[PDB]
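The chain below stands alone and is given as structure tokens, in the form deposited in one PDB entry.
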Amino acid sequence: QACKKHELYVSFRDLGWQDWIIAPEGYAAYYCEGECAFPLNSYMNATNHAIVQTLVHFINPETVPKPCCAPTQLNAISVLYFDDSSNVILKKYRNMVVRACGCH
């Protein structure tokens, strides 16, 4: 159940952006899910705060939750679309893809 990156595919169709975007159809967005608890393995990228907090937790659940499995690195994407005026454009949306997850 450990914290890891999972697959997720966005079809512009789904989001309704079906219309303006020439390309692509959709993309690989991915998503972070899993648990952050000991063993906090290294390829599970935990910060220091994550350990303390994972630990305090263990001493005192009521006190504090485990850290959440969130994305540690994001990659931008580029879609080509028809703005108004009917100019064909290229936009770079940043922070759209998840590259890596971890306990933070």
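Throughout, we count residues from 1 along the sequence that is shown. Heads up, when I say rigid core I mean the largest set of C-alphas that superpose within 1.5 Å between the two forms.
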| item | value |
| --- | --- |
| Mean C-alpha B-factor comparison - 65-73 and 42-50, higher one | 42-50 |
| 77-85 or 6-14, whichever carries the higher mean Cα B-factor | 77-85 |
| Third of the chain, ranked by Cα B-factor, where residue 90 sits | middle |
| Lowest, middle or highest third - CA B-factor, residue 21 | highest |
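Quick note: we don't show the form deposited in another entry, though the next part is all about it.
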property: Shift of residue 80 between the shown form and the other one at or above 2 Å (CA, core fit); result: yes
property: Residue 21 C-alpha moves between the shown form and the other one by 2 Å or more, core aligned; result: yes
